[PDB]
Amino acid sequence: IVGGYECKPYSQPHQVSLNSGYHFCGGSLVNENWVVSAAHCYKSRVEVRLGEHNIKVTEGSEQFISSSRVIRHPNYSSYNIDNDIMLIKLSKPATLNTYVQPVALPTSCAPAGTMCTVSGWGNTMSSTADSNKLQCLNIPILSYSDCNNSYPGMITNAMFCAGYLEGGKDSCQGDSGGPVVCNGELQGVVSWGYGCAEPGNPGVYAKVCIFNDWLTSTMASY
């Protein structure tokens, strides 16, 4: 996260760290057995770390659970990063408590201008911001028009832009797969962009609201 502030500890209880030796992507707990992340973060097996604030220090609130199934959206495309969403089933249910709580799936698509929170342990591009501690940032959803203007012909129905066209505040590598929460619901998954915090290049997020049927279906047949 670039240009944000350190999240208050456990203020984003749905935030998870996907670990394969080291943290490599974020994700969001949607229920006791399932985590939503970005399909480009795919690995056949991953360790989900919940209840984290500082990923390099034991705080006593962590729950480390290995995955049972990792399911990329059937139409994920590595050529253009389209339908960049994936589900991870936990091998054991997570224990919900003060440090671990799921985030609600969207009841509808958030309109342009809606203020959201994005968080993660990714590149901060700053000497003061310690990326080991969960970072937070408030970003507004941009209109499709603004999004297409920034990335002509690269925005599909499964993507939306959020952030500031003026730059300075944005998600970045390592935040990938993480949550974008607006009005208490998961509206986006950190997906891609050109650089981080560069003017004219806002972040691009997977549009969760159009995947509700795939998500709910998948979270019952598996």
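From 1 onward, residues are counted along the sequence shown.
Between the stretches 180 to 188 and 54 to 62, it is 54 to 62 that shows the larger average CA temperature factor. Once the C-alpha B-factors are averaged per stretch, 135 to 143 and 69 to 77 rank with 69 to 77 first. Comparing the listed residues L90, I85, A112, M125, the entry records the largest Cα B-factor for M125. Taking only the listed residues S44, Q173, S37, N33, the entry reports the highest CA temperature factor at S44. Residue-level temperature factors show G195 in the middle third of its chain, judged at the C-alpha atom.
The entry lists a Cα temperature factor for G21 that places it in the highest third of the chain's modelled residues. Sorting the modelled residues of the chain by their CA temperature factor places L96 in the highest third. Annotation for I155: C-alpha temperature factor in the middle third relative to the rest of the modelled chain, per the entry.
When the modelled residues of the chain are ordered by C-alpha B-factor, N212 sits in the highest third.
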